[PDB]
């Protein structure tokens, strides 16, 4: 009566262990969810605690689809709109990207992973609006998944936010999610705008979602997220032959003494396929790779590719386009 698919569980375990060994990393996790039910199809960690559920991290760039979705859902932003994406200051803090683009449209913000552009979309809303949105995604909220030691994550009350915090939260710092919570939040994108519960028991009754965005918004965001895995995108390593994949890469500096350091990273990669009508969500995080690169695309992308490609094959889903 578990929902886990043992063939997916095996595949995820093998691919994760190979990536952690190759990159000489400290730890990692893979989660596979059913994109329309929230059932856990696989959940694996490197040896030790169930980090997928016990440990909260700053999501970094994999948070970006959500402020984007909210902006579009509000009707205040259109996908074709352009934004000033030059680095800027809020008090003494800087908001900047790893490459300077003077301007980007929404597709650009997503494809290139612009911290600046994301922060400009968030800035159109009040602290209370953005908090309510993050809360509605499950940030800071207990899933009651069935696992012991389940982290609620952290979402600071909006009454306490400084202007810099609203900005950094939009691109994934100053709030914290477990990987399972993060995979759950992506059900808003895959299940036509409603957040699903997560469970590791086979479902007998249709889960009731909570409406977070319109189905039309969800569909538009999934189309934008295909750019991440196509040429020009940060997540091209996660492309799966025969499918369109919606995804988002994240690489985050870690905190050492409450200071961000530039020699220690967490790499995350999350996506879904087939992009137009997804069957599965695959989420991958690898903590502190020390060899053979540290960016999401190079560290977690190949794991995502193998697990997603393998999962769709195991579940009997045909390629939507010819192989190559």
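Positions refer to the first chain, counted from 1. Here, rigid core means the biggest group of C-alpha atoms that superpose within 1.5 Å across both forms.
- Between 265 to 273 and 66 to 74, the larger mean CA deviation from the shown form in 4 other deposited structures of this protein, after core superposition, belongs to 265 to 273.
- Between 92 to 100 and 178 to 186, the larger root mean square Cα shift in 4 other deposited structures of this protein, once each structure is superposed on the rigid core, falls on 92 to 100.
- According to the PDB record, 100 to 108 carries the higher mean C-alpha B-factor of the two stretches 133 to 141 and 100 to 108.
- Mean C-alpha B-factor is higher over 255 to 263 than over the other stretch, the pair under comparison being 274 to 282 and 255 to 263.
- Of the candidates 124, 77, 183, 247, the deposited coordinates give 124 the top C-alpha B factor.
- In this entry, the residue among 149, 207, 172, 117 with the greatest C-alpha B factor is 207.
- The PDB entry assigns residue 22 a C-alpha temperature factor belonging to the middle third of its chain's modelled residues.
- Sorting the modelled residues of the chain by their CA temperature factor places residue 316 in the highest third.
- When the modelled residues of the chain are ordered by their C-alpha B factor, residue 38 lands in the lowest third.
- Placement of the Cα temperature factor of residue 69 within the chain: lowest third of the modelled residues, per the deposited record.
- Among all modelled residues in its chain, residue 113 ranks in the middle third by Cα B-factor.
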